[PDB]
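The structure under discussion appears below in the form of structure tokens.
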Amino acid sequence: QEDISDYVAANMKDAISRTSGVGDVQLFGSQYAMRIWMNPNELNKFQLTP
Amino acid sequence: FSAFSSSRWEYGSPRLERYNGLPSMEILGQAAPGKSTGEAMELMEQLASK
């Protein structure tokens, strides 16, 4: 699902929302973001903080 | 700067174009004398198809 949503957001949503007669275009998903899923145990191991 | 830097010569675009939110390159042309703009545009489309 996240792969399809990213393709729609990055390749189709912008062009469609700019099409004649189109008002609000709402994405049923979300574009990719660089997700850094932090682990508090590993952050502690090195005395690090987000 | 030499203590914490390295220097290189590379290539890059002095002017980046975009069309409708996507990277683009513009090409200007003229139909050959004795020909219409429609047929020239058709040939350009046929060439771009490849």
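All residue names refer to the structure tokens as shown: chains lettered A, B, ... in order, residues numbered from 1 in each chain, ligands numbered from 1 in order.
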
Inset, instruction - Using only C-alpha atoms, select each residue of chain A with any atom at most 9 Å away from an atom of chain B, and give the selection as a PyMOL selection string. - result: chain A and resi 14-15+18

Dump as an mmCIF file, in the first residue's frame, selection limited to N, CA and C atoms:
data_model
loop_
_atom_site.group_PDB
_atom_site.id
_atom_site.type_symbol
_atom_site.label_atom_id
_atom_site.label_comp_id
_atom_site.auth_asym_id
_atom_site.auth_seq_id
_atom_site.Cartn_x
_atom_site.Cartn_y
_atom_site.Cartn_z
ATOM 1 N N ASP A 14 -0.033 15.593 -8.085
ATOM 2 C CA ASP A 14 0.251 16.984 -8.425
ATOM 3 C C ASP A 14 -0.318 17.346 -9.791
ATOM 4 N N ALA A 15 -0.178 16.450 -10.769
ATOM 5 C CA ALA A 15 -0.695 16.732 -12.105
ATOM 6 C C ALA A 15 -2.218 16.749 -12.120
ATOM 7 N N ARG A 18 -3.782 19.852 -10.596
ATOM 8 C CA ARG A 18 -3.566 21.005 -11.456
ATOM 9 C C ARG A 18 -4.381 20.919 -12.743
#

Inset, instruction - One decimal, Å: what's the distance from CA of residue 10 in chain A over to CA of residue 48 in chain B, could you say? - result: 23.7 Å

Inset, instruction - Could you check how far CA of residue 26 in chain A sits from CA of residue 5 in chain A, in Å to one decimal? - result: 11.6 Å

Legend entry - range 1-49 of chain A: residues DSSP assigns to helix (DSSP H, G or I), reported as JSON, numbers by chain: {"A": [2, 3, 4, 5, 6, 7, 8, 9, 10, 11, 12, 13, 14, 15, 16, 17, 40, 41, 42, 43, 44, 45]}

Inset, instruction - Using CA of residue 9 in chain A and CA of residue 30 in chain A as the two end points, give the distance in Å to one decimal. - result: 6.8 Å

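The residue that comes closest to residue 31 in chain B, out of B:17, B:43, B:49, B:10 and on the basis of only C-alpha atoms, is B:43.
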
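Checking A:23, A:50, A:2, A:11 one by one against residue 37 in chain A, counting only C-alpha atoms, you find the shortest gap at A:50.
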
Legend entry - Those in chain B with strand (DSSP E or B) from DSSP, as JSON, numbers by chain: {"B": [17, 18, 19, 22, 23, 24]}

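Shortest separation to residue 33 in chain A among A:17, A:46, A:12, A:3 occurs at residue A:3, atoms counted being only C-alpha atoms.
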
Inset, instruction - May I ask which of the residues A:36, A:44, A:28, A:22 is the closest one to residue 1 in chain A, counting only C-alpha atoms? - result: A:28

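Shortest separation to residue 41 in chain B among B:18, B:3, B:12, B:28 occurs at residue B:28, atoms counted being only C-alpha atoms.
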
Inset, instruction - Pick out the residues sitting within 12 Å of residue 15 in chain B, and hand them over as a PyMOL selection string; count only C-alpha atoms, and ignore anything fewer than 6 positions along from it in its own chain. - result: chain B and resi 23-26
